[PDB]
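Coming up, as structure tokens: structure 1 and structure 2, two forms of one and the same protein chain.
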Structure 1
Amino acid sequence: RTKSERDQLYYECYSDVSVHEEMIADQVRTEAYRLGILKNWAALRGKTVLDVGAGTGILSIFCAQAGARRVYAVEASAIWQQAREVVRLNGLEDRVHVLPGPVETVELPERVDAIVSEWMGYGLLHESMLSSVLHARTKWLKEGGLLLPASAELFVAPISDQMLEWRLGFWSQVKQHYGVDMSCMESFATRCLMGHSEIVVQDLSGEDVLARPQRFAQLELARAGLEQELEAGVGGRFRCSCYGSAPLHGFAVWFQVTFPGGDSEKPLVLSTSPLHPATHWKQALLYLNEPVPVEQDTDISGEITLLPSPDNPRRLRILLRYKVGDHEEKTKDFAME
């Protein structure tokens, strides 16, 4: 529960193979970084890069292959030892330098032309890694230098989760299967599956989205003052109108990040929307205590704030205020599962 304990647990996760397997098997993520880096070949060719949180080294290697002269691959967990071997295996150890330890205390021999980092957690800010990237930017990035990605956006949409609907309806189906009526279990199932205060990470599709998604916050990484916004809360108000009739279960929150277009003048966007190909981040679901019926053109509005949890700064908290239709204003406070 102390910082040293919390740090050891966080980096211990990244010392193990499973999380790296997940990240690198995520083709949408990994290919987006590869292409985003290549899009910026003109600005990277012959230049220096800092990879904040290099992991197994893969993004740093992408940067070298794109023509970077020198890459500092900084990694705080024990996985740096594996990165060292990956870099050597690819013939890159003379110019990709795997550096152990936190980026906050690394000492590079020079400021750098570019920073690359994959720092995003569930609901964007779970893990709270962004502070480390901003620290590195302030301390090591040259004036006018390149950030990859350069920005993040947060989106919300109201949802009718088809999988949840099935799980709640299960109990009224038992009679047909086994000859025992359990339809009375539905209220209890609803309390268990919806009445908790955890953020649920689950993949949705367009079939679950009840209104046009809306951006409710923007994080431009070059902006001074972003560090202090993180502490006070990131988010904003939203308002949308429903497509059609459905049981409203709550809200899905997701994000995108954008890589500069470079020479092409066409930015590359990595999205975790339910309307786009699936990623390991899925979406972050905020369930209401029970389903609320809605109809075509029902207004839903609210305010969403992403904060660090008081107990654990790396654990995402979300404060939700919302109003459905003519119902009273309600609030719910969530923490990451």
Structure 2
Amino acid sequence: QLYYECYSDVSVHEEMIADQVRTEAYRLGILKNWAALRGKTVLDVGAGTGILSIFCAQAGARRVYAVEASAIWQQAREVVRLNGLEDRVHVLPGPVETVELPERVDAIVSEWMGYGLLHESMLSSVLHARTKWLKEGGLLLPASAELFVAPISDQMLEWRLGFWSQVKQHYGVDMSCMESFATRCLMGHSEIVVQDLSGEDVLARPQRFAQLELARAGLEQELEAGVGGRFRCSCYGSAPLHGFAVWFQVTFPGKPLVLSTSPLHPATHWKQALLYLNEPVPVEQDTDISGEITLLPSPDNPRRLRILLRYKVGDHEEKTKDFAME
């Protein structure tokens, strides 16, 4: 009959496990590496409720170290025991940067990805653990990530902006002047917005603007300096351009299994990271759009994602907008 403060805690973990695209991609990606994991030792970075660590045991791992800093580590220990794996899977509380493992490991598994790939992500902790605890020639799951961008005409946003001009049709009162107000409020800000889109929102072929091989020399320094690159595309047809969507995929080594968060693919809890222009720009078929996207740490907090956008639409002058996570 006591009162507890853990609603967010359960909601977050519920969302992740109920994300079948995510959870089944990890289950299968781990099983696909059975030959490399059989009789070997694994470190799970940010193990949460422990389900990926148990998948590793089920793929044949001799021993798994499940490291989790948040309050939820306690529930992981109970889940391990319930599945009869308390002698194979060891739950260790606290950050992986200072945990003491009794041995180096053959593999690191982690669901480290955040909104826009790098918002409040565990990637820096995975790389720290790779340097400190992974044996030479050891395995990282997933092994790589790719970043994508596309111009968008967000159909839900279009409806919200146009709503005010439609009030007269429904109630006999003209409220069309509310449209400029709504545009300022919904687009005239510099926050990254997390929202799920579909193919109906995508205005040109998506462009890959970066590829991250997670084991590669120098990646820690690239993350600090900024990850990204240039892009170019041509519009499919006539629409209000609202800005750009950014998303990612990750790949599990083997034919490789890919977990995608594209709006063209099955929805996931990551959705997409939307970068709105200050106001809509009309485009037509074959309107050329080019630009550059850079994912950066925020200066107050390297864990909060910043995105610097440069973009040029048709014959308009190149523009810049500097975003930070909502």
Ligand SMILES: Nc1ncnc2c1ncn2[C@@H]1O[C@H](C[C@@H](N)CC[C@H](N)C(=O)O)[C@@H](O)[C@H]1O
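Under this definition, the rigid core comprises the largest set of C-alpha atoms superposing within 1.5 Å between the forms. The first residue in the sequence of structure 1 is number 1, and each one after it adds one. Residues that one form lacks are left out of the comparison.
Pick out the form solved without sinefungin: structure 1 or structure 2.
Looking at both copies of the chain, structure 2 is the one that matches the description.
Can we say the CA of residue 25 moves by at least 2 Å between the two structures when the core is superposed?
Superposed on the core, residue 25 moves its C-alpha less than 2 Å between the two structures.
If the rigid core is lined up, how many Å does the C-alpha atom of residue 78 shift between the two structures?
After core superposition, the C-alpha of residue 78 moves 1.5 Å between the two structures.
Could you tell me the distance the CA of residue 128 travels between the two structures after a rigid core superposition, in angstrom?
C-alpha shift for residue 128: 3.7 Å.
Cα of residue 14: shift between the two structures in Å, core-fitted?
Comparing the two forms, residue 14 shifts 10.3 Å at C-alpha.
What parts move between the two structures when you lay the two on the core: runs of 3+ residues, each CA off by 2 Å or more?
The run that moves is 8-15, and no other.
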